[PDB]
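Engineer: partial complex here, more coming in a sec:
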Amino acid sequence: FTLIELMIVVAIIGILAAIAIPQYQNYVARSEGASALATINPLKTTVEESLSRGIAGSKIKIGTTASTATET
């Protein structure tokens, strides 16, 4: 092992560092907003259809309970 060998390794370590890391939280925030909008968008169909069929607005709830003829 020579000192030139180790100094070249140190220089290449420094060069391999310093790689600029761009902003990434904006991408995550935008994806979260898109996911939320895509999650709550189909619920417009449920509310509108239930209101069209006469189901009371107070009877339109959120859950996995089996919807009856009066509750959705």
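Structural biologist: Looks like it came in fine. Numbering: from 1, shown residues only, chains lettered A, B, ... in the order given.
Engineer: can you pull the phi/psi pair for the residue positioned nearest the centre of chain A?
Structural biologist: What sits nearest the mean C-alpha location of chain A, by C-alpha atoms, centre = their mean, is residue A:32, with 3.2 Å. Main-chain torsions, residue A:32, degrees, to the nearest 10: phi -60, psi -40.
Engineer: for it, what are its contacts?
Structural biologist: By C-beta atoms under 8 Å, 6 or more residues apart in numbering, the contact set of residue A:32 is empty. (C-beta placed from N, C-alpha, C; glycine too.)
Engineer: from residue A:1, how far off is it?
Structural biologist: 51 Å (C-beta to C-beta, to the nearest Å).
Engineer: same thing with residue A:70?
Structural biologist: Residue A:70 is 83 Å from residue A:1, by C-beta to C-beta.
Engineer: include chain B as well:
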Amino acid sequence: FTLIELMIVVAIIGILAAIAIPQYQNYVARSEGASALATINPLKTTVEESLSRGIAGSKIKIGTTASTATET
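Structural biologist: With chain B now in place:
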């Protein structure tokens, strides 16, 4: 043993000395800086990933304790 033998030995001892020693603390300092940067560089990934997944910034600590769903 002759005096010329010993004087040649003394002269070669003096010649074998006087070898200039260049600066070396700069190399050690540069290697230490590179090692520190390479040590703390991967911690950027941990912090960014934990913040992306919603883990609170105050919950991102340093240690070998097993990270839970809320602490990293």
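Engineer: residues in chain A within reach of chain B, list them.
Structural biologist: Residues of chain A lying near chain B by C-beta under 8 Å from any C-beta of the partner chain: A:3, A:6, A:7, A:10, A:13, A:14, A:17, A:21, A:24, A:25, A:28.
Engineer: if you set the cut-off to 6 Å instead, what comes out?
Structural biologist: A:10, A:13, A:14, A:17, A:28 (C-beta under 6 Å from any C-beta of the partner chain).
Engineer: so which of these sit within helices?
Structural biologist: A:10, A:13, A:14, A:28 (DSSP state H).
Engineer: which helix or strand contains the spatially closest residue to residue A:57 that is not a sequence neighbour?
Structural biologist: Nearest residue to residue A:57, sequence neighbours excluded (C-beta to C-beta, 6 or more residues apart in numbering or on different chains): residue A:51, at 6.6 Å. Using DSSP states H and E, residue A:51 sits in helix A:43-52.
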